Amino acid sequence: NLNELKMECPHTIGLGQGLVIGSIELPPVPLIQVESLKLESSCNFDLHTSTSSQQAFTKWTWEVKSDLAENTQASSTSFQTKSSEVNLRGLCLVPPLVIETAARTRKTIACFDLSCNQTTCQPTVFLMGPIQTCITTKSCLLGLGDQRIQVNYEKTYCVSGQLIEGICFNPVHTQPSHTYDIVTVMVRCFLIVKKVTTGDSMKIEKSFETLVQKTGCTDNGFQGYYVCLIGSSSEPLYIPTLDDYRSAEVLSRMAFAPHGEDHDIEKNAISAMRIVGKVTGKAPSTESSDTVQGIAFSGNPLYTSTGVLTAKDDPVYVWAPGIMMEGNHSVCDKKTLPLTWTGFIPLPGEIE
């Protein structure tokens, strides 16, 4: 089976600026086949290979106790959790400056994230590149596992803004005025790891705790940032940028919706799941105490299952299938930051 990933390109390519991005949800694959997943290209562009390397993840799972007596009533102790390190390959782990300078380096980034339940993972494939690749590539075929992905580049109207009564409106480029024409655009953000020697400038989790007005937390040592792309085509956006109104609004939407949008398959449209309960785990599994918490659930794959601990600047990657990891910024201990984040942003707009 194949799935069409559509790259919605602007009509102005020669006079265009920024990147073009697209994403697609793939059918669920069982948990055993995850570690051997490889994203194959065969495209006519310049693929950046950094994301195709192996990275250690603390796989964190839960399961019912094997020695459970018959008719045992569910409780906080009728099930157990476990963690172990495993090498994952192909996930969206972009090095810094790669997405920012993709327009100049003419490189193309292709990766995937995972949204999993207890027995399977659903991959979300992201593909982003220079605007000019909308002409040099046009058509391609990516591959992941037993799935093929027909990549089509098609010129599309209002790729960076929103259509208001038939007229395209793009976000204001800068904010002198007050309140006027508001557009609602989709953003797709990607977590970036970037450490510095001395300052607190890279502790992005301290910015979230400030936005939710949570004082006294000290488990926010992670150093990194997010790179967002607006709509299907725009220039890369650095989160956080202290003078960009788009950055402050994207950051605010993250603080109050840490898990962002879901990757639901709205067929059947029966949203029912079972909440197993609050759980804690060891990340990494060689730790002597619990370092991450979350909510164990049973149901269809909904939200992303990958993240990093906000406590360590050396990135501790956690893959928790069947567990919604703690992302609420109002807590201090055992919180995580997602690898990818999709949201809808209200921004002041202006006509093209």
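Don't overthink the numbering: it's just position in the shown sequence, from 1.
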task: Would you mind checking whether any residues of the deposited sequence sit unmodelled between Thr174 and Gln175, and how many (none, 1 to 3, 4 to 9, 10 or more)?
output: 4 to 9
Entry-level comparison of average CA B-factors, 259-267 and 243-251, reporting the higher stretch: 259-267
statement: Higher of the two mean Cα B-factors (95-103, 76-84; per PDB record) comes from 76-84
- prompt: Between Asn300, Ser50, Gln55, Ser305, which carries the biggest CA temperature factor in the record?
  reply: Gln55
task: Among the candidates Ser233, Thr108, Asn71, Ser115, give the one with the maximum CA B-factor reported in the record.
output: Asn71
query: If you rank the chain by CA B-factor, which third does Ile323 end up in: lowest, middle or highest?
result: lowest
message: Please say which third, lowest, middle or highest, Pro284 falls into when its CA temperature factor is compared across its chain.
response: highest
statement: Of the three thirds of the chain ranked by Cα temperature factor, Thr184 occupies the lowest
Chain thirds of CA B-factor: placement of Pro27: middle
- prompt: Lowest, middle or highest third: where is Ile351 by C-alpha B factor in its chain?
  reply: highest
